[PDB]
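**Student:** before the rest arrives, take these chain(s) from the complex:
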Amino acid sequence: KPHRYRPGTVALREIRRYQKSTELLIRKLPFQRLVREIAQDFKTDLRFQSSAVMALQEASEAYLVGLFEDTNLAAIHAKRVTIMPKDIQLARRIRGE
Amino acid sequence: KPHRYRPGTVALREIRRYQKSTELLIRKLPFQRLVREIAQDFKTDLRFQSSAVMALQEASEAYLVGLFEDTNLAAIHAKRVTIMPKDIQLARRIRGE
Amino acid sequence: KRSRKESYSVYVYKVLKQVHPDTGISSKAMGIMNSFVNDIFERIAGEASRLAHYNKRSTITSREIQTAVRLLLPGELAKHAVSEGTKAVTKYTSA
Amino acid sequence: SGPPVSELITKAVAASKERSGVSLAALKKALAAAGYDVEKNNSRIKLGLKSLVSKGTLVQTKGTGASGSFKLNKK
Amino acid sequence: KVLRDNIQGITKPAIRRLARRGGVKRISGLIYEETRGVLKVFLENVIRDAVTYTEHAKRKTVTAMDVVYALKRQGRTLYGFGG
Amino acid sequence: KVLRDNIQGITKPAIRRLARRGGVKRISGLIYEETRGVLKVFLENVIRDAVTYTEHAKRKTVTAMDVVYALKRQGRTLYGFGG
């Protein structure tokens, strides 16, 4: 029998390893393509620093980390280990959007 | 037998009556006593303008009613209509205090 | 050449060697510290401005910024900063 | 050792006889009053509930499976 | 001159009426005392800030302007008293 | 020339790592699309501020300086790139 771990244990291993991780968690190039995509939705033929791609990358991931730690607080308040979209929606509502 | 309404509809009558009203629900004199007491806890023999007491009264009014509408959001999150103080602790945490 | 682009690298390095002579520093951490210096400095400067105009004061003095520190810095961090700044200004006025 | 716990379940559900079925709260506190480690034997009372519902000596009032509330059968 | 127990000055029916304005239907019994506590800590922040404003002014009476100003620097600005 | 979908380039497994940082242990399938949606909303607000800076800078290339400026205005001040 090939060895298999129970669900959540690999998830919790990912939790521990990536709270331990400090690097950027997103592929760089599609994020660059996406910020350029939203840029030409606003102004034409617009250019970016690579440092600006880094900055939006790290700000975006940290902001999402804020939304998801609020999501765990909401979900354990909702007595769920499986989150739903309404957790994130309520977090956006309370955060002062 | 004297007439008696079911538990809840008198509460909703109070609800509807009070968003149609504007009146400051906190009694003036014990609020002034409380603000003098808390101020005396820090710095002594401290006097309050009546305008200051009143202004702080709608301030505290709005702060707590914002907290209660937020905890009603937390309660309908929790499939509940009776809020419990962990809703308030949640709201304090995810608002960021 | 290039124009001199200003940063707080040397002084944080000085206090670093002052309080931990054996430790090192990285470039990312130094950028974080420069952003921290800028952030706390601008918060205190903004609150000092608000105290200046609320009292219609044309100047921000040690009383103004000291009060602003009690506003911004909480609790024991605030009183320790008051102690440090008071010791510093007494040493400064001692020339 | 002693007698099997299913007999305790049957006497606990026959002691009350409400017009509706008895849920698990009153059953587990009836076993607590009679004397039983209800905290450590959740699986044992679950298999007891499955055995008594499945064999047909007892009928479920309104719930489904071990969920819900239970009453006595017609005879 | 000294006051001891003004946390109970904000009465239980006052708390119930507060939660009526916030749209709360049912209010459990544990709510009143800890809501007194969180109102207390909110006023500790607001009054500490405002009283700090007053002692900055070398004034001795707390003014409504300092209450709304200490509100506004906490991101809680109020309309209706000179802000 | 133009691009029509790079929102999905912030992929489903990438969103899974991001929520693994937040401590989220089980994620249903419905969350991910709304996360990219609110990602679009936030980054749309930030880049609106940023291009408004950039057009006010009378330049055509975005720097990280106006990025951290816009993060300052929105209230999510970023350390590491100031100055």
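**Tutor:** Looks like it came in fine. Numbers count the residues shown, from 1 in each chain, chains lettered A, B, ... in the order given.

**Student:** And for the closest residue to residue D:26 other than its chain neighbours, the neighbour number?
**Tutor:** Nearest residue to residue D:26, sequence neighbours excluded (Cβ to Cβ, 6 or more residues apart in numbering or on different chains): residue D:16, at 6.4 Å. Every residue, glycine included, has its C-beta placed from N, CA and C. Around residue D:16 there are 11 other residues, counting by other Cβ atoms under 10 Å in any protein chain shown.

**Student:** and residue D:16, how far is that from residue D:72?
**Tutor:** 10 Å (Cβ to Cβ, to the nearest Å).

**Student:** can you map out the strands along chain D?
**Tutor:** Assigned by DSSP state E, the strands in chain D fall at D:58-60, D:70-72.

**Student:** Touching the last one from outside, list them.
**Tutor:** Meaning strand D:70-72. D:13-14, D:17-18, D:20-22, D:27, D:49, D:53, D:58-61, D:63 (Cβ atoms under 8 Å, 6 or more residues apart in numbering or on different chains).

**Student:** three-state assignment of residue C:1?
**Tutor:** In terms of secondary structure, residue C:1 is coil; the call rests on DSSP: H, G, I helix; E, B strand; the rest coil.

**Student:** Distance check, it against chain E.
**Tutor:** Noted for residue C:1: a distance of 44 Å to chain E, by Cβ to the nearest Cβ, to the nearest Å.

**Student:** residues contacting that residue?
**Tutor:** So residue C:1 contacts nothing (Cβ under 8 Å, 6+ apart).

**Student:** show me what contacts residue A:45?
**Tutor:** With Cβ under 8 Å, 6+ apart, residue A:45 has these contacts: residue F:60.

**Student:** ok but it is inside a strand, no?
**Tutor:** No: assessed with three-state DSSP, residue A:45 is coil; it does not lie in a strand.

**Student:** hmm, back to that, can you put the strands of chain D in a markdown table and add distance to residue B:94?
**Tutor:** Formatted as a markdown table, the strands of chain D follow (distance: least, Cβ to Cβ, whole Å):
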| stretch | distance to residue B:94 |
| --- | --- |
| strand D:58-60 | 42 |
| strand D:70-72 | 42 |
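
**Student:** Throw those strands into a markdown table and include distance to residue B:97 and mean neighbour count, thanks.
**Tutor:** Output for these, formatted as a markdown table (distance: least, Cβ to Cβ, whole Å; neighbours: other Cβ atoms under 10 Å in any protein chain shown):
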| stretch | distance to residue B:97 | mean neighbour count |
| --- | --- | --- |
| strand D:58-60 | 49 | 17 |
| strand D:70-72 | 48 | 18 |
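
**Student:** Which one, of the ones you listed, ends up nearest to residue B:48?
**Tutor:** Evaluated over these, closeness to residue B:48 peaks at strand D:70-72, with 64.0 Å, by Cβ to Cβ.

**Student:** put DNA strand G on too:
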DNA sequence: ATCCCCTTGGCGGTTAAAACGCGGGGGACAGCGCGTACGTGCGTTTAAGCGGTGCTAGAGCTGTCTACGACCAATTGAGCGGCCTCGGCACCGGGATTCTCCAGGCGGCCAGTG
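**Tutor:** So, slotting DNA strand G in with the rest:
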């Protein structure tokens, strides 16, 4: 008006990024009652509300004065730019420990029986 540099544009190799299917397996959730706990209906009381009275603390304005601090020319010096070496660490190779999940026993318990 320019200049020069980091982004833009284009190119080749690769392996992790992803990605999708299988399958186990962890999960939300209605619901059926039960515990109970405020919600609401009154009575009671008492203190807040209202009205009136005397005091004065300090809020706030005015005058005085002086304490204090930007500006500026100048001198200089210590940190910014720039280059340059070097070992802590970035990456690499081999071994324990968690850990954890899985294999075989212990025990409770249900089930049959003299």
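
**Student:** In chain D, what residue comes closest to chain C?
**Tutor:** The nearest approach of chain D to chain C comes at residue D:39, 43.8 Å away (Cβ to the nearest Cβ).

**Student:** Could you measure from that residue over to residue B:82?
**Tutor:** For residue D:39, the distance to residue B:82 - Cβ to Cβ - is 27 Å.

**Student:** Check residue C:10 too.
**Tutor:** 60 Å.

**Student:** out of these two, which sits in the more crowded spot?
**Tutor:** A count of neighbours by other Cβ under 10 Å puts residue B:82 above the other of residue C:10 and residue B:82, at 13 against 7.

**Student:** residues in contact with the more buried one?
**Tutor:** B:75, E:25-28.

**Student:** Which of those sits closest to residue B:36?
**Tutor:** Distances from residue B:36 to those, taken by Cβ to Cβ, are shortest for residue E:27, at 27.3 Å.

**Student:** And the closest one, how close does it get to chain B?
**Tutor:** If you go by Cβ to the nearest Cβ, the gap between residue E:27 and chain B works out to 7 Å.

**Student:** State the number of residues packed around that residue.
**Tutor:** Counted with other Cβ under 10 Å, residue E:27 comes out at 20.

**Student:** Does it have any beta-bridge partners, and if so which?
**Tutor:** For residue E:27, the residues forming beta bridges with it (DSSP bridges) are residue B:83.

**Student:** just checking, it touches residue B:83?
**Tutor:** Yes: between residue E:27 and residue B:83 there is a contact at 7.2 Å, judged by Cβ atoms under 8 Å.

**Student:** Could you tell me how many residues sit around residue C:17?
**Tutor:** Neighbour number of residue C:17 under other Cβ under 10 Å is 12.

**Student:** element containing the residue of chain A at minimum distance from chain F, please.
**Tutor:** Using Cβ to the nearest Cβ, the closest approach of chain A to chain F is made by residue A:30 at 2.5 Å. In the assignment (DSSP states H and E), residue A:30 maps to helix A:28-40.

**Student:** moving C-terminal of that helix, what's the next helix or strand?
**Tutor:** strand A:47-48.

**Student:** Report the contact partners of residue C:51.
**Tutor:** Taking Cβ under 8 Å, 6+ apart, one finds C:57, C:60, C:64, C:67-68, E:53, E:56 in contact with residue C:51.

**Student:** Could you pull out the buried residues of the helix or strand hosting it?
**Tutor:** Using DSSP H and E, residue C:51 falls within helix C:27-54. Within helix C:27-54, the residues that count as buried by 16 or more other Cβ atoms under 10 Å in any protein chain shown are C:30-35, C:37-38, C:44, C:47-48, C:50-52.

**Student:** here's DNA strand H, add it to the model above:
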DNA sequence: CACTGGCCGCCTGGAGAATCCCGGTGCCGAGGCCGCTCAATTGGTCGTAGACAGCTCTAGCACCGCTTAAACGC
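**Tutor:** DNA strand H added:
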């Protein structure tokens, strides 16, 4: 009704593997050295804002007499 037997659910044990845990290496950012120049300071000046006395008056504070609304309670 006790005695005995067998199977589900925990009890006990144990081995593979991810990540930590012992060295090995080479390197490039980090610590350090040098030119300098832009900026840090110094003294004098000007000029100005605010700290403080006085004062005054006014609104806040101290006190009292009713009255049911509100608080308290069951």
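
**Student:** Please reconsider the contacts of residue C:1 now that DNA strand H is part of the model.
**Tutor:** Contacts of residue C:1 (Cβ under 8 Å, 6+ apart): none.

**Student:** re the thing from before, touching DNA strand H at all, the helix holding residue C:51?
**Tutor:** Yes: using Cβ under 7 Å from any atom of the strand, we find that helix C:27-54 touches DNA strand H at C:27, C:52.

**Student:** Leaving out the residues flanking it, which one is nearest to the residue most central in space within chain E?
**Tutor:** The residue lying closest to the centre of chain E (Cα atoms, centre = their mean) is residue E:43, at 4.2 Å. Nearest residue to residue E:43 in three dimensions, chain neighbours excluded: residue B:38, at 5.4 Å (Cβ to Cβ, 6+ apart).

**Student:** any idea how far residue B:65 is from the one you found?
**Tutor:** 20 Å.

**Student:** go on, residue E:10?
**Tutor:** Taken as Cβ to Cβ, the span from residue E:10 to residue B:65 is 14 Å.

**Student:** who has more neighbours, the two?
**Tutor:** Comparing residue E:10 with residue B:65 by other Cβ under 10 Å, the one with more neighbours is residue E:10, at 23 against 20.

**Student:** quick one: the more buried one and residue A:52, what's the gap?
**Tutor:** Remark: distance between residue E:10 and residue A:52 (Cβ to Cβ) = 51 Å.

**Student:** residues in contact with the closest residue to residue E:9 other than its chain neighbours?
**Tutor:** Leaving aside its chain neighbours, residue E:9 sits nearest to residue B:30 (3.0 Å; criterion: Cβ to Cβ, 6+ apart). Contacts for residue B:30 (Cβ under 8 Å, 6+ apart) come out as E:6, E:9-11.

**Student:** Equivalent analysis for residue C:62, please.
**Tutor:** C:85, C:89.

**Student:** at 6 Å instead, please
**Tutor:** residue C:89 (Cβ atoms under 6 Å, 6 or more residues apart in numbering or on different chains).

**Student:** Same check on the one 10 residues further on?
**Tutor:** Neighbour list for residue C:72: C:43, C:47 [criterion: Cβ under 6 Å, 6+ apart].

**Student:** longest single helix anywhere in chain D?
**Tutor:** Longest helix of chain D, by residue count under DSSP state H: helix D:42-55.

**Student:** what's next to the helix or strand containing residue E:20, contact-wise?
**Tutor:** Assigned by DSSP H and E, residue E:20 falls within helix E:12-21. Contacts to helix E:12-21, defined as Cβ under 6 Å, 6+ apart, come from residues B:14-15, B:18, B:25-26, B:64-65, B:68, E:27, E:32, E:35.

**Student:** what does stretch D:21-31 give?
**Tutor:** Counting by Cβ under 6 Å, 6+ apart, residues outside stretch D:21-31 touching it are D:12-13, D:16, D:38, D:61, D:69-71.
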